[PDB]
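Residue numbers (the entry's author numbering), protein chains in the order written: chain W, 3 to 73; chain Q, 196 to 248.
Where is the CB? At the ideal position from N, CA and C, for every residue including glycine.
In what follows, a structure is listed as structure tokens, so that the remarks can point back to it.
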């Protein structure tokens, strides 16, 4: 009466299975990376230029006050 | 490195689940006999193997 019933794949088979290596390239050129590094270095250099000159002026002002108080 | 060890022993645990479902033993099944295999696959094993793979 009852037909055979055992573990079999479904009709038409299973869905395709991926096996190829998948290592995508994120994407950024070495020239671009070096340019970003140089640009951030230059920006830091300029900002610290300005801040260090201001610090020199502040130190000179403190020295002026000390000179005034010295006698 | 020590990280992929865990990463892939999770999959190894899944494959021991396959072994246990087919034979009742996780790593020493004794499933393949010199005349074939001992028992037939359970009705829902091929689907889970496909899902894993």
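Through-space distance from residue 44(W) to residue 201(Q), alpha-carbon basis: Put simply, the backbone Cα of residue 201(Q) is about 44 Å away from that of residue 44(W).
Taking 8 Å as the threshold (beta carbon to beta carbon), is residue 214(Q) in contact with chain W? It does not: the Cβ of residue 214(Q) has no partner Cβ on chain W nearer than 8 Å.
Assuming residue 217(Q) and residue 224(Q) form a contact by the criterion Cβ under 8 Å, report the distance between their Cβ atoms to the nearest whole angstrom. Indeed they touch by this definition, with Cβ atoms about 7 Å apart.
Quick one, which residues of the region 233–244 of chain Q are near chain W if we go by CB-CB under 9 Å, in chain order? Listed by position along the chain: 235, 236, 237, 238, 239, 240, 241 and 242.
Is residue 222(Q) closer than 8 Å to residue 204(Q) when the C-beta atoms are compared? Contact: no.
Please state the DSSP three-state secondary structure of residue 38(W). Looking at residue 38(W) - three-state DSSP - the assignment turns out to be helix.
Under 8 Å between C-beta atoms of residue 235(Q) and residue 9(W): Yes, they are a contact pair.
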